[PDB]
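Chains A and B are the protein sequences, given in the same order. Under the UniProt record's numbering, residue 584 is the last one in the first sequence; the count climbs by one each step, no gaps. Under the UniProt record's numbering, residue 584 is the last one in the second sequence; the count climbs by one each step, no gaps. All residues carry an ideal CB built from backbone N, CA and C; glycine is no exception.
There are 2 protein chains.
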Amino acid sequence: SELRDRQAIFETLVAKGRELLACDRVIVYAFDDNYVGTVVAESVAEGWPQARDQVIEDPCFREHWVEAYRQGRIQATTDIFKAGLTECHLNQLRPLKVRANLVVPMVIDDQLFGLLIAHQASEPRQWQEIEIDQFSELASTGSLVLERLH
Amino acid sequence: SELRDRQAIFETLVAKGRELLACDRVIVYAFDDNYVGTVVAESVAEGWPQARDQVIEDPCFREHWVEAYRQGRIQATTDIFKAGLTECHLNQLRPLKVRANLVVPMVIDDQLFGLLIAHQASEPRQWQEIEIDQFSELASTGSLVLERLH
Ligand SMILES: *[C@H](c1[nH]c(/C=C2\NC(=O)C(CC)=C2C)c(C)c1CCC(=O)O)c1[nH]c(C[C@H]2NC(=O)C(C)=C2[C@@H](*)C)c(C)c1CCC(=O)O
Ligand SMILES: *[C@H](c1[nH]c(/C=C2\NC(=O)C(CC)=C2C)c(C)c1CCC(=O)O)c1[nH]c(C[C@H]2NC(=O)C(C)=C2[C@@H](*)C)c(C)c1CCC(=O)O
Ligand SMILES: [Cl-]
Ligand SMILES: [Cl-]
Ligand SMILES: [Cl-]
Ligand SMILES: [Mg+2]
Ligand SMILES: [Mg+2]
Ligand SMILES: [Mg+2]
Numbered sequence: 435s436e437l438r439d440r441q442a443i444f445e446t447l448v449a450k451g452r453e454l455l456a457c458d459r460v461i462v463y464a465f466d467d468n469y470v471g472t473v474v475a476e477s478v479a480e481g482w483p484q485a486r487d488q489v490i491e492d493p494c495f496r497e498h499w500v501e502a503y504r505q506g507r508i509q510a511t512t513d514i515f516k517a518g519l520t521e522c523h524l525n526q527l528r529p530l531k532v533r534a535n536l537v538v539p540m541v542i543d544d545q546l547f548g549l550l551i552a553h554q555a556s557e558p559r560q561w562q563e564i565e566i567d568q569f570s571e572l573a574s575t576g577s578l579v580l581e582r583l584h
Numbered sequence: 435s436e437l438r439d440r441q442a443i444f445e446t447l448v449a450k451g452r453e454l455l456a457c458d459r460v461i462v463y464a465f466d467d468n469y470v471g472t473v474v475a476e477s478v479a480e481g482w483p484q485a486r487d488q489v490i491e492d493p494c495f496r497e498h499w500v501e502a503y504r505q506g507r508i509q510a511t512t513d514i515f516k517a518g519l520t521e522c523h524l525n526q527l528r529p530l531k532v533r534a535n536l537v538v539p540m541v542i543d544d545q546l547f548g549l550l551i552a553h554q555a556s557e558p559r560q561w562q563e564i565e566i567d568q569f570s571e572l573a574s575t576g577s578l579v580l581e582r583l584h
């Protein structure tokens with residue numbers, strides 16, 4: 435019954451992450467072999483759309499950033515409307531409602547498994563260094579558990 | 435599969451915990467029905483004794499501290515030789531070269547499962563508030579995962 439164990443870990447990570455940051459949504463965004471992402475687990479505050487089990491293909495990861503995320507890159511955005519993003523990027527976030535986000539990597543067996551992502555849905559938010567470090571550690575601990583369970 | 439699964443999580447906690455604190459040893463100290471402890475997992479720096487698989491019958495947990503640890507007690511000692519401990523207690527720690535320690539509980543299903551314990555052996559160490567927080571959160575994250583792998 436290993437498959438249900440993996441899902442239980444994903445659910446623990448999103449619930450604990452939303453509690454740590456007191457934000458509107460936390461998701462696990464997992465990659466397939468095309469680096470298309472699926473929202474495999476979600477904790478979301480009542481009143482905002484559920485991204486659970488949506489499939490979002492964003493080519494920037496495979497084209498530009500996979501190796502960087504494997505080496506510990508993050509994305510911290512206080513206000514996505516002031517970040518100089520293209521309409522294509524904004525259009526993919528608009529159905530979910532994202533005003534600020536924090537993106538940290540999940541690396542398992544030296545591969546980029548996915549991203550643990552926090553959203554503030556309607557207000558900007560300056561993420562503080564301690565919040566980034568706690569959220570990164572949560573992702574790193576969860577990834578290591580998954581690596582050792584096989 | 436249960437025991438092998440649980441062991442994978444214990445091995446993760448001790449490796450991550452020693453990395454976080456840059457200390458000399460981290461162990462999971464697991465209680466049986468009588469609160470006799472077994473060192474079921476260990477991460478230890480080269481050159482120090484291994485506590486792995488040792489059974490330590492220390493009665494203070496069952497007689498005095500079970501309730502306080504269930505309710506979140508954390509114990510941090512900068513120098514065990516200046517803390518007023520008795521010879522009986524110190525003789526448990528002297529073979530392992532312990533000089534400072536940090537003790538946090540693992541509570542699963544509202545029951546004291548065990549303790550996650552960090553040791554400095556090279557010298558005394560004043561544990562800092564941020565380090566205690568990260569170590570306690572590691573124990574909490576690990577406990578929540580074990581709780582959900584029923
Ligand atoms: C790279 C990029 N995409 C994302 C995507 C997400 N943020 C989220 O919160 C979620 C969950 C819903 C997703 C998915 C991030 C965070 C980043 C930044 C990576 C980084 O710099 O660290 C990115 N994607 C686009 C989309 C755009 N590019 C295209 O080729 C096409 C087609 C697009 C529309 C679908 C853009 C503009 C970027 C940033 C620029 C770049 O790195 O190439
Ligand atoms: C309570 C006590 N024991 C421990 C044990 C350990 N610390 C470690 O680092 C390890 C791993 C090697 C172990 C095992 C701790 C941390 C504590 C303190 C609890 C707290 O304050 O939260 C304790 N045990 C003894 C042993 C002693 N008492 C006896 O009756 C007999 C017999 C003993 C010899 C085996 C003592 C003196 C204490 C502290 C005093 C007390 O709280 O009662
Ligand atoms: Cl939810
Ligand atoms: Cl609504
Ligand atoms: Cl108990
Ligand atoms: Mg199982
Ligand atoms: Mg650190
Ligand atoms: Mg007594």
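By alpha-carbon positions, which one of the options ends up nearest to residue i?
| i | options | result |
| --- | --- | --- |
| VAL460 of chain A | A:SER570, A:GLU501, A:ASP492, A:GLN545 | A:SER570 |
| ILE508 of chain B | B:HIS523, B:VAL532, B:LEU530, B:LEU536 | B:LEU536 |
| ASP544 of chain B | B:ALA517, B:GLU501, B:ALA456 | B:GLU501 |
| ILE490 of chain B | B:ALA464, B:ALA510, B:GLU497, B:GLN505 | B:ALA464 |
| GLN560 of chain A | A:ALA517, A:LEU549, A:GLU521, A:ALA573 | A:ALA517 |
| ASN468 of chain B | B:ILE443, B:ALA442, B:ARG452, B:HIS498 | B:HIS498 |
| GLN488 of chain B | B:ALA510, B:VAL462, B:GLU445, B:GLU563 | B:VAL462 |
| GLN505 of chain A | A:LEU437, A:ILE542, A:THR520 | A:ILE542 |
With a CB to CB cut of under 7 Å and the five nearest residues on each side skipped, what residues in its chain are close to residue i?
| i | result |
| --- | --- |
| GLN568 of chain B | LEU454 |
| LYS531 of chain B | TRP482, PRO483, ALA555 |
| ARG533 of chain A | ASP513, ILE514, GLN554, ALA555, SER556, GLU557, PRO558 |
For residue i, count neighbouring Cβ atoms within 10 angstroms of its own Cβ and tell me buried if that reaches 16, exposed if not.
| i | result |
| --- | --- |
| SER556 of chain A | exposed |
| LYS450 of chain A | buried |
| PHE515 of chain A | exposed |
| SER577 of chain A | buried |
| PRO493 of chain B | exposed |
| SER435 of chain B | exposed |
| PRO529 of chain A | exposed |
| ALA573 of chain B | buried |
| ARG438 of chain A | exposed |
| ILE564 of chain B | exposed |
From the beta carbon of residue i, is the nearest beta carbon of chain B less than 8 Å away?
| i | result |
| --- | --- |
| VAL579 of chain A | yes |
| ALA442 of chain A | yes |
| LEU455 of chain A | no |
| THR512 of chain A | no |
| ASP492 of chain A | no |
| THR575 of chain A | yes |
Does any residue of chain A bring its CB to less than 8 Å from the CB of residue i?
| i | result |
| --- | --- |
| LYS450 of chain B | yes |
| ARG582 of chain B | yes |
| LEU572 of chain B | yes |
| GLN545 of chain B | no |
| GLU563 of chain B | no |
| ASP439 of chain B | yes |
| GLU445 of chain B | yes |
| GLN526 of chain B | no |
In its own chain, which residues sit with a C-beta less than 6 Å from the C-beta of residue i, not counting the 5 before and 5 after it?
| i | result |
| --- | --- |
| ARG486 of chain B | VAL473, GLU476 |
| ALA479 of chain A | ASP458 |
| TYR503 of chain B | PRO539, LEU546 |
Taking 8 Å as the limit between beta carbons, can you name the residues of its chain near residue i, skipping five residues before and five after?
| i | result |
| --- | --- |
| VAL579 of chain B | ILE443 |
| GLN441 of chain B | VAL474, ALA475 |
Open item on the list: Which runs of the beta strand (DSSP E) at least 3 residues long sit entirely within the segment 460-485 of chain B? Give them in chain order.
Closed with: Counting only runs of 3 or more, we get 471-478.
TODO: Report the residue ranges of all beta strand (DSSP E) runs contained in full by the segment 531-582 of chain B; include only those spanning at least 3 residues, in chain order.
DONE: Complete beta strand (DSSP E) runs here, min 3: 534-542, 545-554.
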